[PDB]
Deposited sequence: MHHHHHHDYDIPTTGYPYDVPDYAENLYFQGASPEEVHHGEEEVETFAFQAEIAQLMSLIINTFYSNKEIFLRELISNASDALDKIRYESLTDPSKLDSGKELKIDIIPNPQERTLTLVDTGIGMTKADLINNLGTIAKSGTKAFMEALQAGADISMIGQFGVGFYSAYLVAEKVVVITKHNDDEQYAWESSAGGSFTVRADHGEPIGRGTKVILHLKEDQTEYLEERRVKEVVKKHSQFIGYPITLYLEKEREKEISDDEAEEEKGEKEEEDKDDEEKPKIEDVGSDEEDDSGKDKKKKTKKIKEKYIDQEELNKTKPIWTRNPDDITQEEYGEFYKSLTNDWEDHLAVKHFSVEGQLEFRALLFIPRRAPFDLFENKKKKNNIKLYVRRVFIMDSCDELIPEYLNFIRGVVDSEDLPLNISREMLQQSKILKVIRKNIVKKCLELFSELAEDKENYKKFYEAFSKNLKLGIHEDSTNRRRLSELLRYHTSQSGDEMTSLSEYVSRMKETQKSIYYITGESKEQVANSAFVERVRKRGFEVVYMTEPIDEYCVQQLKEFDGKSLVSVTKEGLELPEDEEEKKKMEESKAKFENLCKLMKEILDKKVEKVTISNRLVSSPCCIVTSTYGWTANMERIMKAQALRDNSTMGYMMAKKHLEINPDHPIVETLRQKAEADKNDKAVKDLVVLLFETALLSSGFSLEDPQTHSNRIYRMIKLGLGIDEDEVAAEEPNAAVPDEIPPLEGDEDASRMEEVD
């Protein structure tokens, strides 16, 4: 009844699939060949550990690239283990059969090798470019053989009897007409640097330049992340960073770590000394067994840490058939979690070095505050890295932890004020009273600060209070409260008169507890956008205008009872309930308060015209 069968494969169609569909970019053939060559070396090197006599054929392990435009041939020579005739038929001649994996599983216990080859289809990627491939191999055991093929479903193995190759393999690709750009020095150098830059063995490119053969070592920067982090000095770290980033300045700080368990990977991160000019408009590169896999973009690192330049190297990771992406995206999330944790730890330990942390903060404070805006899980740890200019700080910047340390015994919040400049904020009207009482105020004078404090609601159990927002309530004395209530009862009449005069401009006009020298100030409502925040949002190039009015706040006017102007205005308003002079005066006062508070003016020409008219009245016109 039941008739069992066995799976088969269409060799011609399978070869066509490998040639045409597996690999998107045709330049990766080098990446494969060198990889195979690397493995060819690794094997023999391993066999040299317990038997040095196996290296008598050749004492040197190297890789050579020889472009010959005369015959349009790209040659890749390696002094590796080489392949026997049986190895030629079984390994090269069989698709999906890798000799490297078979060698790897035949190792005793846990050895020190880790070879790239896993799938068995890497070699045929050479036919992405070549129209014919000739592999001249010479193993230590049997004689030198030649393997010729053109991906036509058949290949020929022949005794070579050519010039001896010592030990190893020489792969000659007869490039097709279209893909002749790989004979150029520039293309070969670029490809090798992009893909197989960190191969352990020296890769030498031969060329012809009177007329002599010139040799150039394509890879010279040894991958230092493999070495133990404790052994590496700072000079080696700087050299590696400079070679990696083409930067004359060395690194500012370096975090070299390793994660072991079900997911083993070691990473090396660098903080640049300065910030890139272009910046926001390649940061982290993922390596598997020391060969390039993919370039990180929002996967390994968040957007706000895109200034970190580094490498991630893993011995075992699921890989695409094309060896340029991973199979499981969850692994990328795990890598990101570990990298972010180690980066925050690096920043925290860097905060001890005062001058270095000053440089780092001056460079990447915008990134830190962007992370506070975005990374909700790391807000509590990122906030401790914030440095701000305060009233008690002076020229230097102090952290919020220092603020809490110096915070008065009865103070219950951290008072902050935002503006477009440090001078405007320092001389601003809102902080006039608080500084009189001795409470430290935090100046935040960058556009990213508004985004930072949209999310950073509190810190160290102390809430942030905006001085320029309504409902500010400093601790009060009983006498101060009595005076405030009496002044409110006295000035309610002028307040309602001003409210009547300033219709649809100010929702509420009240006396203020935050003014000591300025006559009046315009203060944003509780939930709406602050003046500075409204200025920032109004200037965004790509943002909906029709929605702005939903988030725009309602202005509140606050008058100072002790300022002479307000008292005189109150007396005039009581004496004359309606008058042209008082109306003009209150309109001008509101205009000045609007200008000083931070708000833009709906028609500044009107205010300027009023000033010009009063100037004319001053000098006579």
Deposited positions without coordinates, collected into consecutive stretches in sequence order
1 to 42, 252 to 305, 378 to 382, 723 to 756
